[PDB]
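As given, the protein sequences belong to chains A and B, one line each in that order.
Following full-length UniProt numbering, the numbering of the first sequence begins with 388 at its first residue and continues without gaps.
Following full-length UniProt numbering, the numbering of the second sequence begins with 289 at its first residue and continues without gaps.
Virtual Cβ for every residue (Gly too), placed ideally from N, Cα, C.
In what follows, a single structure is set out as structure tokens and then discussed.
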Amino acid sequence: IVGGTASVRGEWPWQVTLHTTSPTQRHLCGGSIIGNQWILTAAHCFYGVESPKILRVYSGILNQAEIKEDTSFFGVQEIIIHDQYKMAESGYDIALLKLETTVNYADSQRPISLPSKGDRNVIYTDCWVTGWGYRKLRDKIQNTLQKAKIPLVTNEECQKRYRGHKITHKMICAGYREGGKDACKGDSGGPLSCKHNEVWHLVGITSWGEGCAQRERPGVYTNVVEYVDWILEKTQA
Amino acid sequence: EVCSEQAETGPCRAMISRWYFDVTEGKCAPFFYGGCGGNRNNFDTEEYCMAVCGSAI
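The following block contains the structure:
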């Protein structure tokens, strides 16, 4: 995360850290707990990943340092990627990670509610992007989960910032006109939590963006509300 | 070309360990790929990268 500040323990209960063990153990992506056995994340995060056996999901984490050989984690039983996904830039960059066992909700790890097409007068004005990503193009994974308040920008306005891509309705952008704050390398898969009516809604999934926190270059996230039907369907037996 | 392009991470924000052929060094080297975009000089393993761009083995 760029232009943000250190988060406090237990602040973002739904935020997890996805690790890969190949070739060695390291933070690969972020992800959100939406079910006691379901992590919503980005499809491109598994680029190259042949088997979910090398995956590790760590809940209730604040400092990457907390991860050790003895540290408990959740194994992934199956990687579910949207059947229409081709290229993160084009959209459909969404994936479900089905854990082998269930999570026990606690103050340090809980599910974040999904948006609903049935919601009324939805106006997100309290959005936050979280993750252990870079703090500046060409950096390194952070130890402490970083957060940053970022304003949503309309699809139209964003379409103008990205004359190279086709910002579809299934995407959502966020960022200041002058930049300074945004998600960066390592935050993909992370949640884009926004306050609706005293309740947190997983509005978007960290997907991409030209550079990191560049002016007139907003972060692009997968627009979750547009996939709720997919999620419910895929989460169903 | 495929073995002469600079390692480009791409617009995606993931941490994917990959390999690219460095012309200066005359050998393959690691680099973090974002997950999407980039160019053909992007391989999963050192051996594969060397198999495509490496010298007479």
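**OP:** Determine the direct distance from the alpha carbon of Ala570 of chain A to that of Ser292 of chain B, and round the result to whole angstroms.
**Re:** 30 Å
**OP:** Flag this pair as yes or no: are the beta carbons of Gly566 of chain A and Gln496 of chain A separated by less than 7 Å?
**Re:** no
Original post:
How many Å lie between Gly573 of chain A and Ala302 of chain B at the Cα?
Top reply: 5 Å
Original post:
Any C-beta of chain A sitting closer than 7 Å to the C-beta of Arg328 of chain B?
Top reply: no
Original post:
If we count Cβ pairs, one from each stretch, closer than 8 Å, do we get three or more for the segment 500-516 of chain A versus the segment 533-551 of chain A?
Top reply: yes
**OP:** State buried or exposed for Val290 of chain B, treating a residue as buried only when at least 16 other CB atoms are found within 10 Å of its CB.
**Re:** exposed
Original post:
From the beta carbon of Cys300 of chain B, is the nearest beta carbon of chain A less than 7 Å away?
Top reply: yes
Subject >> C-alpha distance - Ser500 of chain A paired with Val586 of chain A, whole-angstrom precision >> reply: 8 Å
**OP:** Go through the segment 396-456 of chain A residue by residue and report every complete run of the beta strand (DSSP E) that reaches 3 residues or more, in order.
**Re:** 402-407, 413-422, 425-428, 442-445
Original post:
Taking Cβ-Cβ distances below 9 Å as the criterion, which residues of the segment 592-619 of chain A are in contact with chain D?
Top reply: This model lacks chain D altogether, as its protein chains are A and B.
Original post:
For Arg564 of chain A, does the three-state DSSP call read helix, strand or coil?
Top reply: coil
Subject >> Neighbour list for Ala535 of chain A in chain B, Cβ cutoff strictly below 9 Å >> reply: Correct list: empty, because the minimum Cβ distance to chain B is about 13 Å.
Subject >> Environment of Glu476 of chain A [buried if 16+ CB atoms lie within 10 Å] >> reply: buried
Original post:
Going along the segment 555-579 of chain A in order, which residues come within less than 9 Å of chain B, judged by CB to CB distance?
Top reply: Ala570, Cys571, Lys572, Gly573, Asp574, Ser575, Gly576, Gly577
**OP:** For the segment 500-531 of chain A, enumerate the residues whose C-beta is nearer than 8 Å to any C-beta of chain B, in chain order.
**Re:** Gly520, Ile528
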